[PDB]
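Here's the structure, in structure tokens; my notes come after.
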Amino acid sequence: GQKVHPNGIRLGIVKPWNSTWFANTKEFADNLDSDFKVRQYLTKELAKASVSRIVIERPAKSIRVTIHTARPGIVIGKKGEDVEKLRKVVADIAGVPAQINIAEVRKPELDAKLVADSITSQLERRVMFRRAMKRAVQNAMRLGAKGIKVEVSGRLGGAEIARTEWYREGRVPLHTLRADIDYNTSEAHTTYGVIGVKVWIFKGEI
RNA sequence: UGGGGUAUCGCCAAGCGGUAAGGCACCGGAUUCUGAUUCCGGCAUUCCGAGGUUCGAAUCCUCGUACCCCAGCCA
RNA sequence: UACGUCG
RNA sequence: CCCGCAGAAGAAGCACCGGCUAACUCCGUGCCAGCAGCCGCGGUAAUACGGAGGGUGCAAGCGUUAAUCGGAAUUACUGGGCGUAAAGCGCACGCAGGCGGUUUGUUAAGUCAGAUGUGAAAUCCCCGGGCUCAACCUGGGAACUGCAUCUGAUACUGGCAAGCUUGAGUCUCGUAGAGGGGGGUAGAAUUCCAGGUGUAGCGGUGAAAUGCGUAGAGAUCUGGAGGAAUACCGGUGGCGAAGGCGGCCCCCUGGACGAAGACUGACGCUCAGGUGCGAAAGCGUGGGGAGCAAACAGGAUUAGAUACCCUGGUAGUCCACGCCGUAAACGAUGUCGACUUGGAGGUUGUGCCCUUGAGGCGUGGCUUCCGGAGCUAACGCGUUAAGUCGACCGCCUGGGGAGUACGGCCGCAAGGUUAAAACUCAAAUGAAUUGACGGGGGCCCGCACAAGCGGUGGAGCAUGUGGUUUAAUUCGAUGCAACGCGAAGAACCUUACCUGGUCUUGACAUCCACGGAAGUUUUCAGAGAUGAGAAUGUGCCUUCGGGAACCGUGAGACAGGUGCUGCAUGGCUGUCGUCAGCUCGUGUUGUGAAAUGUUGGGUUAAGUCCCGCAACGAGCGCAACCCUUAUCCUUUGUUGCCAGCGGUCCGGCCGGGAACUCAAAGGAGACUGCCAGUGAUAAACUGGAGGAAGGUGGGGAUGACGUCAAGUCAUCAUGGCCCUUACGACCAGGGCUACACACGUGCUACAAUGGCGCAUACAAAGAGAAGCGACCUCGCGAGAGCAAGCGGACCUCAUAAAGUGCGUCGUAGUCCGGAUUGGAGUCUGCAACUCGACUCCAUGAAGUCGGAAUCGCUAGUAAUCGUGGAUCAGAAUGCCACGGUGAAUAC
């Protein structure tokens with residue numbers, strides 16, 4: 001087990017943080033756990049909506065949750081009853097007056113959360129993994145994407161030993177720190193157990 | 001049955017009446033991935049059992065035990 | 001295990 | 001056989017389903033039961049076992065077994081092989097056998113053509129015919145591949161007769177040669193013997209010892225004897241059928257090759273049995289015996305050493321005659337002949353040309369190296385074939401058993417030769433590829449070794465582990481990469497363990513139905529929760545049947561599990577290793593596994609970079625981008641700073657100043673950029689200047705493809721299995737702290753480079769509200785009381801300590817060392833007995849520099865000195881950080 005998380009080593013360099021509140025030591029743990037609850041809830045209740053990121057920020061006793069998603073229409077719905085329902089329950093969880101926004105992730109096959117969730121969904125619909133991976137690399141390289149690597153792992157095809165079998169195309173410069181590597185990871189709970197899907201997407205060199 | 005010999009650390013084997021020496025083993029450490037080899041340290045038998053002489057017995061004397069050797073013949 | 005492919 | 005009757009009515013199994021081989025899942029079993037033709041399945045999710053569902057193949061059959069042929073070109077006549085897979089006799093001579101150049105004539109035996117007789121019938125085959133069809137029966141033909149006789153043909157083969165020269169042989173003349181046998185001789189050297197000189201070692205080895213030596217060795221000189229071998233020439237040189245043959249000379253003798261010419265005229269090639277020759281060792285008889293040397297003996301080495309090494313040493317090696325009859329007797333390649341591109345040599349002839357020299361042009365014989373086509377599994381062979389053919393011989397038929405046993409023949413014997421079987425395995429083998437490995441080779445690196453400094457192993461204690469104990473001593477981690485590791489902190493809690501007491505839809509969920517707002521202070525029993533009471537209950541809506549929140553009660557569906565499996569998993573981690581590597585696309589090469597690229601010449605920290613190159617490019621990695629540190633500039637200047645000012649309670653203390661330290665943001669800076677030299681004028685290297693810094697400046701982060709079925713199911717998630725009045729839950733007490741022992745990692749020591757007392761100087765980095773907690777008072781002290789200030793460059797923790805200056809101690813188990821133990825306390829916490837931390841008084845072990853062994857470090861490093869933080873109510877000698885002083889050494 002030996003590679004650094006390629007989001008974490010780029011946190012001040014190119015990648016931003018998904019939480020951008022300041023807090024002293026008295027409420028740092030409380031704000032942090034409140035963020036675990038709103039991302040847990042808001043991740044479970046938008047499983048069909050293809051959600052990429054949820055960014056929390058707290059401007060002066062009020063949360064401001066931004067849902068980067070690929071299907072904004074299914075998040076908002078017929079006149080946005082679903083949004084006001086979500087800020088009602090996020091205001092229930094965080095205990096502050098909640099705002100909520102939706103940012104449309106166009107080009108959803110270049111986002112690693114959406115790619116890993118895609119391949120994970122296909123693996124738990126019992127399709128063969130080489131199609132899922134290989135299709136994901138092809139259609140991601142089709143639109144921009146100066147590199148992509150996907151990597152499934154663990155008891156693939158229902159075996160009794162676990163393999164990995166990664167694929168990559170293009171250039172994925174993972175030790176370069178100015179590389180805009182969009183990396184994310186999902187787990188596929190199949191009837192044989194968990195299958196881990198990692199995906200790195202190299203977008204640009206700065 | 002008689003004569004001679006032996007009995008001393010777990011094993012083989014030195015001990016001169018005032019102290020128990022050697023090797024193998026065993027115990028601890030080290031070398032080594034681990035074991036053997038190796039290296040460094042240790043321990044250890046109040047001496048077959050009983051009685052006696054002596055200031056003092058593994059040592060000397062007597063008896064018993066256990067095991068060896070030699071003889072047990074001429075008719 | 002284990003390699004059998006589409007609008 | 002035909003017609004009528006009644007009604008789908010009387011009528012489907014067997015094998016197989018992992019691959020071969022058509023046809024798949026579930027359940028049971030868990031290296032068992034069992035299956036199987038071969039490969040092989042079965043040790044918990046088995047398409048292979050047993051059952052079921054489903055399917056597949058055949059069908060009044062279907063499977064198994066036995067037997068034959070096929071596949072099997074694995075006995076090869078069609079139709080195989082033999083350098084290395086099994087297989088070329090050790091080499092020749094040669095009989096019987098097989099084969100035989102060229103021309104003409106005759107024959108016509110083989111060969112061919114036709115005819116005749118026969119080749120029984122049935123059967124097979126073809127065209128028809130009859131049973132409703134088919135099987136079956138049957139008509140006619142074809143066929144029976146043969147044999148015999150007669151008639152012809154005469155190209156090939158054979159017979160016969162005659163020839164001919166291109167095959168084979170004879171003669172003439174020379175050439176080279178370690179060809180053979182017999183005889184003689186010569187020179188160096190070794191050993192021995194006799195003698196001279198001379199004196200303390202010689203010999204031997206990795207080191208030694210045995211051995212020889214003051215009875216005079218070894219060294220050295222002279223004389224002698226004897227035996228064997230023949231330096232230099234000496235050469236992938238020569239000769240020989242092969243084995244083999246090495247001074248020089250003589251005698252007897254075999255073959256080869258060349259030049260011109262003559263002669264014979266197919267006299268040739270191969271060869272089973274047969275015969276001969278046949279290294280070395282060995283055997284017999286008789287000699288010889290210097291060296292060397294099986295056996296043997298001694299010395300060593302070693303765990304042992306019947307060995308390698310040393311010192312001796314007999315058979316043997318040498319000669320004569322006889323035997324044996326074999327070798328990796330090997331070009332692992334039978335003999336003879338023919339044809340098929342080349343190059344460089346060697347050796348031995350011969351012809352021609354100015355031989356104008358150690359030349360030029362040819363033509364033979366033998367031989368070496370490399371290569372073309374071709375062949376070959378590949379490796380390689382390649383006009384001396386393993387190419388393209390012909391003749392004859394020998395041999396092979398999976399590995400082992402076994403070239404063995406029995407029998408025969410041979411042999412003095414040792415043994416040789418010929419040559420099986422039972423049984424057993426599903427491989428054995430060849431060549432080549434990728435890797436790994438090597439006590440193989442070349443180049444290169446790292447505190448790897450070396451050069452040093454300080455440790456560990458010895459002592460006491462701390463902490464972890466193994467073991468032992470226990471009611472339990474919870475579980476996990478175990479070479480490196482487990483062992484102050486998970487645990488950044490076990491009194492209760494944590495806690496998972498043990499002993500008891502208890503609960504069962506539950507401590508934690510969601511959904512019901514009923515009742516009641518919840519909540520708040522009380523008392524009794526017991527270890528807590530269960531029970532008994534008093535107030536408060538309406539927090540807002542409901543054609544009232546209820547809903548918001550919370551608590552009891554009842555059934556459940558469930559909840560719960562730190563239970564098992566890290567060898568079913570994810571995620572996260574260690575490690576080789578921050579080692580420089582790991583690959584891919586397209587192209588090409590190879591039958592192919594694969595190769596190339598990626599290797600080679602340099603260079604680099606680096607598959608770094610240049611150059612070359614059947615490669616051209618690309619990716620992950622290296623480098624850079626990131627953080628920090630080292631210098632300067634700009635901005636802002638509080639709480640931070642004080643150079644110049646003013647006075648000053650002399651303290652940045654105040655007014656004030658924004659220069660400086662500093663703070664933090666933004667820039668500059670270092671890139672082999674410049675110079676000289678060396679280098680493929682290339683990469684680069686070495687040196688120099690400037691500069692705070694010089695060549696990835698220092699440090700960190702960053703850890704490629706993969707390896708260890710490495711670690712974790714106990715952080716979490718998770719497949720399957722398992723418990724679900726219990727393996728779940730609550731509680732109190734205990735344990736995780738036990739202690740004959742052993743190991744790991746640390747701390748403190750053994751002191752004078754120090755101990756103690758007094759004074760005194762210089763830090764950095766941090767933390768802080770249920771917190772850090774000044775000042776002041778009390779206490780010897782740990783601390784206590786009152787209590788400012790500070791959520792913080794402002795206040796507090798908080799005095800840095802080693803250092804320095806004085807005094808003392810004086811080499812003592814001591815004024816070292818502090819363990820251990822008694823007493824007295826402080827704090828935290830419901831609670832310090834098991835089982836805290838600290839203080840005071842007293843006690844004052846072991847220990848005087850640590851055996852074998854072992855570890856860390858290359859410069860602000862090691863060493864040494866303190867300070868802070870996380871976890872935490874309290875508990876660090878650990879961990880993570882911070883600064884002070886500050887080395888040695890690298891050939």
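Laboratory data are not the source of any read-out in this text; all were calculated from the coordinates shown. Ideal geometry is used to build each Cβ from the backbone, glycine not excepted, and the neighbour counts take in all protein chains shown.
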Does A:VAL105 satisfy the criteria of being more than 8 Å from RNA strand D (Cβ to nearest atom), surrounded by fewer than 21 Cβ atoms within 10 Å (Cβ to Cβ), of a type in the set (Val, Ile, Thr) and touching a residue at least 40 places away in the same chain (Cβ under 8 Å)?
yes
Search result, residues across region A:185-206 that are out of contact with any strand residue (DSSP E or B) (no Cβ under 9 Å at 6 or more places or on another chain) and near RNA strand D (Cβ under 6 Å from one of its atoms):
A:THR191, A:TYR192, A:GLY193
Residue by residue through region A:119-154, note down the ones that are within 9 Å of RNA strand C (Cβ to nearest atom) and in contact with a strand residue (DSSP E or B) (Cβ under 6 Å, 6 or more places away or on another chain).
A:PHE129
Hey, A:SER62 in contact with a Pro (Cβ under 9 Å, 6 or more places away or on another chain) and assigned to a loop (DSSP other than H, G, I, E, B) or not
yes
Here's a check for you: in region A:121-176, which residue that is without any contact (Cβ under 8 Å) to a residue 24 or more places away in the chain, away from RNA strand D (no atom under 11 Å from the Cβ) and part of a loop (DSSP other than H, G, I, E, B) is surrounded by the fewest Cβ atoms within 10 Å (Cβ to Cβ)?
A:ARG125
Residues within region A:81-118 that are aliphatic (A, V, I, L, M), assigned to a helix (DSSP H, G or I) and either more than 26 Å from A:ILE148 (Cα to Cα) or in contact with an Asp or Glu (Cβ under 6 Å, 6 or more places away or on another chain) (or both), tallied
8
Which residue out of A:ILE195, A:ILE201 is within 16 Å of RNA strand C (Cβ to nearest atom) and either in contact (Cβ under 8 Å) with a residue 60 or more places away in the chain or touching a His at 6+ places or on another chain (Cβ under 8 Å) (or both)?
A:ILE195
